[PDB]
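We give structure tokens for two forms of one protein chain below, kept apart as structure 1 and structure 2.
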Structure 1
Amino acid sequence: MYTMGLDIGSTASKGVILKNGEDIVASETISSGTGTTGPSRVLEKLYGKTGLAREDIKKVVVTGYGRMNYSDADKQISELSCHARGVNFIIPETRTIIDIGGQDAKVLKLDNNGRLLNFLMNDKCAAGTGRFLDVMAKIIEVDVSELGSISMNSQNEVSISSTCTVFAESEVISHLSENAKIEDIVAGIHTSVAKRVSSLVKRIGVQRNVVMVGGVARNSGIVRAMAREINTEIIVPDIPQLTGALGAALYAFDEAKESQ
């Protein structure tokens, strides 16, 4: 009936209280992490605006970098598991999450309940990840966040052959030398990364709803390319900081249920 979720970074602490797995009754965030007052201060804020007693919280689950440091807790669950679980709380019927990171990319398949089932990670190749985008940006002397908008007014599209990052880093200088329209080039870089991650998506199997996450997911152009490529509408929602603790309160709630 009343469960708690804690997420303890190294730089921040976050917590959620959740009635009947349906109602966030309180939430808090503090800019202090593992080994500080931060997590204590989250609890005060939660217990104080609710008026509840420790006996009222049936289960606590904690996640985050410092989750192994924290004792008064019924369970420790991964941030990957937890975080996703919260994302589905935000967009129900989510079954496929796409996290293009700065140095990695992961596709996650989920339960009818929003619980991680299996997933694929790329951490070894620079292509089809964030850094692929740093590189190309530096070459045409532009800022990475300025990128998604340039690509809007594409008229043709610079098609690339190179799949490797290095090779490609030449191939755009060759298109640059000729002096093609940047909205054509940026459209063909986006297509690169899109084609890459698409393969991971292909292997794991699409199944809507399909949500996109990460810093890279704000690049509107990457999102379109990705959509066109997997052939499915893609949701890019706004995910709040307290999404990890949220997922934890949810797991802390499957758990309260099983005691009975």
Structure 2
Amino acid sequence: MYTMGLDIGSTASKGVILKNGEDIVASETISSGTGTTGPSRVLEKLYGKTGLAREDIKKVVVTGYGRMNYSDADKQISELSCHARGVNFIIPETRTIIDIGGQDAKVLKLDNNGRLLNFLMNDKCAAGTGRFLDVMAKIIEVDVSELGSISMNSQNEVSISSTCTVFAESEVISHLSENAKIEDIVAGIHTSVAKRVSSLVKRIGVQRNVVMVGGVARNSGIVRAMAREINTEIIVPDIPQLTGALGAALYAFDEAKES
């Protein structure tokens, strides 16, 4: 039996085909979100990768910012619910989930059943989201996928004074003009993001286990900086960007059984 989960976010589309509600047999991420062909391309690839087709998929659930714009799913479900479900599937005793995506940062507090108890989100400021990193990566002319590894080489982190993405961009341009080492600039960029999200997490009250998800959690430098700022161990799935899609796939499995 197979179900599918689709998470169409501001920035990327993620898909998972789940086997018997327990085994991920295919996952795919396309860095095109709401308002693009990203969803279609994710599907194409999940199908090519598995050999399956739409007919073989008993239930599909879509989540994320673009979920109501998608008309080919059995249910459209909140990404708060889907990320919580996906994380709880992988990591026991999760009480705090930090989802840093392309346009917002979400912090979920869960009870002992995995149900939402409290929630705080920054969705109004590009700083402390993936958008900040995307902007900086473009200026430094490296892929966001390299920022973690680059920051590892830092021995003399540059401080970024500005908390605003726009003002920070100017600072980074100025550091680049002063021939600051790219690894130190990037380390400072990671610290800026971690300070802004950490403030968010501290307002809700850290409770272990603390789990980071979202595409930004693929950046090892951000995760390290975050664990430093919140002074708590952070657990990151090997598939942090796909937890919403996985959670959708699990709700899809619930639907398929109910049928």
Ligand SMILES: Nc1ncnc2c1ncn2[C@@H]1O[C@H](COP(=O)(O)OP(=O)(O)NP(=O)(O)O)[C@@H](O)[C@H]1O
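Only residues modelled in both forms are compared. Superpose the two forms; the largest set of C-alphas matching within 1.5 Å is the rigid core. FYI, numbering is relative to structure 1, first residue = 1.
Looking at the condition given, the form deposited with this ligand bound, one finds it describes the source of structure 2 alone.
Hinge assignment between structure 1 and structure 2, options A180, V206, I239, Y47: the residue at the boundary between rigid parts is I239. Each of the two rigid parts keeps its shape between structure 1 and structure 2, while the smaller one turns against the larger by 46°, per C-alpha superposition. Aligning the rigid core leaves the CA of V107 displaced by 0.5 Å between structure 1 and structure 2. Overlaying the rigid core between structure 1 and structure 2 leaves the Cα of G86 displaced by 3.9 angstrom. Core-superposed comparison between structure 1 and structure 2: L246 shows a Cα shift of 7.8 Å. The rigid-core fit between structure 1 and structure 2 yields the following 3+ residue runs with every Cα displaced by 2 Å or more: 1-79, 81-83, 238-259.
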